[PDB]
S.K.: 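So that we are looking at the same thing, I have put the structure below in structure tokens.
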Number of protein chains: 2
Amino acid sequence: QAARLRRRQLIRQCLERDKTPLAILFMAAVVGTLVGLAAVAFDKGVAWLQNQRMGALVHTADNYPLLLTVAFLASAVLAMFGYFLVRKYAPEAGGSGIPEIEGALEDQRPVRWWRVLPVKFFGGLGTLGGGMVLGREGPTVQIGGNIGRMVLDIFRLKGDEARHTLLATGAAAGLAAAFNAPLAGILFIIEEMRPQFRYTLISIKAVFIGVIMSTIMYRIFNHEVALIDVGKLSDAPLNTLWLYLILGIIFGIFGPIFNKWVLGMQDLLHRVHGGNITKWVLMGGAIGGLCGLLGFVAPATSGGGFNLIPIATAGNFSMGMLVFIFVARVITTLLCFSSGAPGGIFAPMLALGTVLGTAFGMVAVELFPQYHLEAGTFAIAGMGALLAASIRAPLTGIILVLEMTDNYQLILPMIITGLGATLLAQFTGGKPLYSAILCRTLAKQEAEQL
Amino acid sequence: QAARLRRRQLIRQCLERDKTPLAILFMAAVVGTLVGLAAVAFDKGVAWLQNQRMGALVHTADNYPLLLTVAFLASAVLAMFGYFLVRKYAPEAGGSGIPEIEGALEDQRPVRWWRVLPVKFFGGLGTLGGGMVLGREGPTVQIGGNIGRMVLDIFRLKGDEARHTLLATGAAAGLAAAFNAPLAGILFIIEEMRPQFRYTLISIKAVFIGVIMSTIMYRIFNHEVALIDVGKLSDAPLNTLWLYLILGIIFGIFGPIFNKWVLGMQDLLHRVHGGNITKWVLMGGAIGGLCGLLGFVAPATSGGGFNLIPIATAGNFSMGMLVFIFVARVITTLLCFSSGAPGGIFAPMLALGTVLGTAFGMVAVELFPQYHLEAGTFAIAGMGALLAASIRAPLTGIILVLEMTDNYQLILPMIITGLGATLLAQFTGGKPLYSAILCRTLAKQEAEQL
Ligand SMILES: [Cl-]
Ligand SMILES: [Cl-]
Ligand SMILES: [Cl-]
Ligand SMILES: [Cl-]
Ligand SMILES: [Cl-]
Ligand SMILES: [Cl-]
């Protein structure tokens, strides 16, 4: 009868009248509007700082050593301002911000929106606007989760189930308004933050509301159907689907290796400054100045990565250039993200999977000419395979790539590529990167409390 | 210290090796291949019986009262075969089968694959091949979930984690191998089966493997890219997005009203036979013969519904014809599903949401000519709005409709329509239908135990 009283517990759940608090559902539309407006202002300010930087690199065009100095120095001072705001005011605004938000969903990290929200905005503005190899995905999730706490504090909402609802609403609205991906922002919460999020009928409807309001706030100011404008690539036949499983196996081995390089470079770059702010800022200007220098000479090795993925998905880079771009963008991704700059690793990971997927597709075309393959259809499957192998959230990584590229005929090749990425990353001993960063944040704050 | 002790449990959970045995993942490839093969033997056995029934109406087309007798009696004898196998050999194979698989993941229902799997197959060929208003999701999910228990019992695998993994693998594979929707099969388990499924890192990977192997087995025998071949419809502009909220608000009221009509007709049709097998079989041949009669005279009011959706989305019907189809298909959906026939309600719900959404999309083009609306974008948004209001799985129902229609420019209108459907079905006191059918089975089982 151990299942009999369990069955009587099941019938006691059906006759419950599930109430509908419309107060938290209205604030989720206030959150999602404010997240989507702060996401648009972040993207328009990062792009304005990037167009002002290349506008300074064309007025000094005939003078080449002066151009390389003002490519370094305009990106160094822009990065030094971002490192200074994090180190002086909000140290939890360094890095991505997803481990700070999913640590807040466990009631383990504080949400200091009076400090993080001006520092993650303006410090990430000069960091990403300076041309560093960092994405706006992580900043927008942390700006979103801090806006949802701000709305909870301004309107004085009490209760701990409303606190986790509005914090997850803005993190869902942050992903939905960074990438024009309303489907991935919902799957950000129920698939990637699955151990963190408390699934209530109200809390998942509020995640839907904030995602809707932040996608509408995005599309008012951006009228393109694809964030990454690759074309309409070919279908994948059934006799070519095993090549996407092999491509996932290669990504699923590299994924844990890349995660050990992220945490290993976090430790190695911390020995340079030792926690000192005036050496953390000057190391951040040397890293930020290099990526603005690399933004002029060999610009495929620097930047967030979205200006490389449509070039690499088409057959424009050779096999020797994709090897150079991959090694250089592995070095500058670890140099930017693991140094504690405000900026995520998600959009640099898309450029690393596109280049590694195009390299796989170019070998697959020359090895199998009987399949009529494309190099670009493996770049899409490789894009969400490094998020499956390192971030270890394949479903919100697949959906995000299909929404950014508008290529939904590759759903089954991406699930095949994302399975072998997740299967071999668990097998080879890999953890999620945002979990591994948060577990090192939690073990550090357990050590200063001794 | 209350959170410091919880911080210690979040650190030691992070240092664990994650224990990947490949034996249950290979068995998911065996399950997914067998589910995907049994789904195309079900889809091509139902379609063969519907071709022999239409072919019997062309041979003797000169005699019209014999033609209405042959159309009645070919479907009456076929449905009587389906109602008899349920009432004699496997009474839990009646209805959809998703409440029986959902109760099996809760360890409340037995999985008798030696009885259900021949009865759900050959009784499903009788009811669906007779032209009754019943879908093939529920049959294939229950055939799928019983294959996952059959593979567990043949290979004699031990464990309660392995039993719930392979049972949810085939239920996911049953939705992937029907409708060519691998993405909706995964979301069937982590979103619709959220209180039932025990999420593990390996139990979601085995759900991926069975979904992959069943979508491949479907696509070996089926080469259409979309099942519901509506065209490439228009995209919805931002000034028209509030009409999809009103379409969701209307569906979110009707959803609970349609749910109590399903449960009310289950009690009403049970008053006819009282559980007697002879009166249940004769009532089911009367209902099944009525839908084979209606398959010849006014064929839009019977059948599974996949023939009606491309005609309705194209704007081929009138307004009074669209009102007559909605009323008459509601009566035949309540007659077929609530009488205990092997066959689901999901694909009859897509035909009801398309017809009700087209009628909304025709009022919207009459009232707002300045919006430049197409009536078919509300047919697709309304298609998954009855799944969000009655089945109350909005993310599963959006992705399924998108994967069946290949219209992914309507992601955000379907999320707005599915939000207003879910929010108004919870506000007006509606439950999920499969959770309400199972709970009426579980409360009936407690009543047998006095
Ligand atoms: Cl970080
Ligand atoms: Cl990022
Ligand atoms: Cl990130
Ligand atoms: Cl049922
Ligand atoms: Cl169905
Ligand atoms: Cl069903």
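By convention in this document, chain letters (A, B, ...) are assigned in the order of the sequence lines, proteins followed by strands, and residues within each chain are numbered from 1.
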S.K.: Taking A/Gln409 for its side chain and A/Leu233 for its backbone only, find out whether a donor-acceptor pair lies under 3.5 Å.
M.R.: yes
S.K.: Are the side chain of B/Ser214 and the backbone N or O of B/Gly32 linked by a donor-acceptor pair below 3.5 Å?
M.R.: yes
S.K.: Decide ring-ring contact (aromatic ring centres under 6.0 Å, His included) for A/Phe326 and A/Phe254; before the verdict, give the C-alpha distance in whole Å, the side-chain angles of both, and the deciding distance to 0.1 Å.
M.R.: CA-CA 13 Å; A/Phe326 181 77; A/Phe254 174 67; 5.5 Å; yes
S.K.: Can any side-chain N or O of A/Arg194 pair as donor or acceptor with the backbone N or O of B/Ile190 at less than 3.5 Å?
M.R.: no
S.K.: Just to verify, which of B/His164, B/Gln108, B/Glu106 counts as forming a side chain to side chain donor-acceptor pair (under 3.5 Å) with B/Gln196?
M.R.: B/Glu106
S.K.: I'd like to check A/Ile398 versus A/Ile415 (side-chain heavy atoms, cut-off strictly below 4.5 Å). Are they in contact?
M.R.: yes
S.K.: Closer than 3.5 angstrom, by distance alone: can the side chain of A/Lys431 be matched with the main-chain N or O of B/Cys14 as a donor-acceptor pair?
M.R.: yes
S.K.: I'd like to know if the side chain of B/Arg136 reaches the main chain of B/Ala39, judged simply by a donor and an acceptor atom lying under 3.5 Å from each other, with no hydrogens or angles considered.
M.R.: no
S.K.: Does A/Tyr199 OH have over 12 foreign heavy atoms under 6.0 Å away?
M.R.: yes
S.K.: Hey, are the side chains of A/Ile399 and A/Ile186 touching, using non-hydrogen atoms and a 4.5 Å cut-off?
M.R.: no
S.K.: Centres of the A/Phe188 and A/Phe179 rings: under 6.0 Å?
M.R.: no
S.K.: Pairing donors with acceptors under 3.5 angstrom, does anything connect the side chains of B/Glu191 and B/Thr396?
M.R.: yes
S.K.: Please check if atom CZ in A/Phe427 has more than 12 non-hydrogen atoms from other residues, nucleotides or ligands closer than 6.0 Å.
M.R.: no
S.K.: Sequence neighbours left out, what passes salt bridge (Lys or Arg N to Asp or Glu O under 4.0 Å) with B/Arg109? Give chain and number order.
M.R.: B/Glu100
S.K.: Any sub-3.5 Å donor-acceptor pair from A/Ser338's side-chain atoms to A/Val262's backbone N or O?
M.R.: yes
S.K.: Looking at B/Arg198, is its backbone amide N or carbonyl O close enough to the side chain of B/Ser203 to form a donor-acceptor pair, meaning the two atoms are under 3.5 Å apart?
M.R.: yes
